[PDB]
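What follows is a single structure, written as structure tokens, with notes after it.
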Amino acid sequence: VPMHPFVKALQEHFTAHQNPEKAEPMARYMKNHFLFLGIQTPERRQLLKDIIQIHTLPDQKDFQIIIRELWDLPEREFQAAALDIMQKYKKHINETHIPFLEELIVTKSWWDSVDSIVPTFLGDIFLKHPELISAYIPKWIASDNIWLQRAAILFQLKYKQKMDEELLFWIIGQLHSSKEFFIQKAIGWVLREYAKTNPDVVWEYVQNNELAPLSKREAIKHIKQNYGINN
DNA sequence: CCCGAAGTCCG
DNA sequence: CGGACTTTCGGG
Ligand SMILES: Cc1cnc(N)c2[nH]cnc12
């Protein structure tokens with residue numbers, strides 16, 4: 001069974017505009033975990049738009065198939081394009097897609113893909129179906145996979161006043177001893193971001209609970225101005 | 001335009 | 001460690 005014609009077309013069109021000179025520093029930026037064609041986002045989005053204009057967006061029955069096929073291609077631009085395409089099918093994504101999204105998180109994993117899946121797609125799903133959080137978050141925290149652990153931390157990133165504070169701090173407490181940069185930094189990020197909504201609670205949390213130095217520093221990057229730095 | 005959100009380099 | 005500074009992306 002051949003690849004979907006939409007994916008074959010995208011592959012051909014992206015490859016025709018590859019830039020090996022840019023691809024080298026792009027690959028180094030991602031610590032050489034991926035091959036790159038060398039196409040940056042504004043052009044990549046236009047090339048995708050070209051293929052949609054010519055071929056039309058594939059029927060929804062093929063949505064997951066298209067995403068997986070792009071996920072399996074070597075160059076990182078194809079996963080970036082897959083995420084652009086998933087945004088176009090956004091109105092069709094629901095709680096039944098959580099395992100599909102899990103699998104994307106733990107394949108071809110790095111911060112660029114995981115941070116584009118978690119606070120947006122998963123965040124939206126768990127906002128609508130909070131009763132399902134406990135069907136996934138404990139497993140993710142207990143996982144060997146740091147990207148699932150990061151997912152547990154960041155799915156609430158954009159919740160603002162809908163933040164479940166008790167949940168947030170419980171998750172952070174479970175992971176606060178991790179020596180993994182991407183976990184320490186995610187804790188810092190979600191605290192920094194939530195501090196834009198409720199700075200008092202974040203300040204109290206970081207002053208009174210154990211965190212990695214990186215996590216605490218990133219959490220209070222802005223709000224330390226509001227409280228001051230004691231002698 | 002602006003600002004806020006990985007990377008290298010250097011005490 | 002944490003500050004100084006980098007490019008790229010998203011959004012106001
Ligand atoms: C994630 C992130 C944070 N700060 C910056 N200055 C960045 N530049 C590119 N990505 C960045």
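Values below: every heavy atom of this structure, side chains too, minus hydrogens, waters and symmetry copies. Naming: A, B, ... by sequence-line order, numbering from 1 per chain.
Of the candidate nucleotides C:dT8, B:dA5, B:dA6, B:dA5 has the atom lying nearest to any side-chain atom of A:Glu193. Nearest nucleotide to the side chain of A:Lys185, out of B:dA6, B:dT8, B:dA5: B:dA6. Here the side chain of A:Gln40 is nearest to one of B:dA5, B:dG7, C:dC9, namely C:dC9. Among the nucleotides B:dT8, C:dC9, B:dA5, the one closest to any side-chain atom of A:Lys31 is B:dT8.
Centroid-to-centroid, the aromatic rings of A:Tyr29 and A:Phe36 stay 6.0 Å apart or farther.
A salt bridge is absent between A:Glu43 and A:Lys22; no separation between the charged side-chain nitrogens and carboxylate oxygens falls under 4.0 Å.
One can place CZ of A:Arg217 at 5 Å from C1' of C:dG2, the figure rounded to the nearest angstrom. Put simply, NZ on A:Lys158 is 9 Å from P on C:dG12, counting in whole angstrom units. For A:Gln184 and B:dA6, the CD to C1' distance is 16 Å, given to the nearest whole Å. Put simply, CZ on A:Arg45 is 9 Å from P on C:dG11, counting in whole angstrom units. Across the protein-nucleic acid pair, A:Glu24 atom CD and B:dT8 atom P stand 14 Å apart, rounded to whole Å. Rounding to whole angstrom units, CZ of residue A:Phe36 and P of B:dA6 are separated by 15 Å. The distance between atom CD of A:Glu21 and atom P of C:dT7, rounded to the nearest whole Å, is 19 Å. Residue A:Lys224 contributes atom NZ, which lies 11 Å from atom P of C:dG2 at whole-angstrom precision.
Using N1 to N3 plus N6-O4 or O6-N4 for Watson-Crick, or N1-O2 and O6-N3 for G-U wobble, each under 3.5 Å, B:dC3 pairs with C:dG10.
Each of A:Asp84 and A:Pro213 lies near DNA chain C, and the nucleotide nearest A:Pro213 is the one positioned closer to the 5' end.
Using the sign of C1'-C2'-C3'-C4' as the criterion, C:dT6 is classed as north-puckered.
Taking side-chain N and O atoms only, A:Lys196 has a distance below 4.0 Å to OP1 or OP2 of B:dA5. A close approach under 4.0 Å does not occur between any side-chain nitrogen or oxygen of A:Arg28 and OP1 or OP2 of C:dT7. Under 4.0 angstrom from either OP1 or OP2 of B:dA5 there lies at least one side-chain N or O belonging to A:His222. In terms of phosphate contacts, A:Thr41 brings a side-chain nitrogen or oxygen within less than 4.0 Å of OP1 or OP2 of C:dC9.
Looking at heavy-atom distances under 4.0 Å, A:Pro42 makes contact with sugar-phosphate atoms alone, never a base.
Cation-pi geometry between A:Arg150 and A:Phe182 is not met: the NZ or CZ atom fails to fall both under 6.0 Å from the ring centre and inside 45° of the normal.
Checked by atom type, the side-chain pair A:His13/A:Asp50 shows a donor-acceptor distance below 3.5 Å.
Side chain of A:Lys108 to main chain of A:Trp71: a donor-acceptor pair is present (N/O by atom type, distance under 3.5 Å, no hydrogens or angles).
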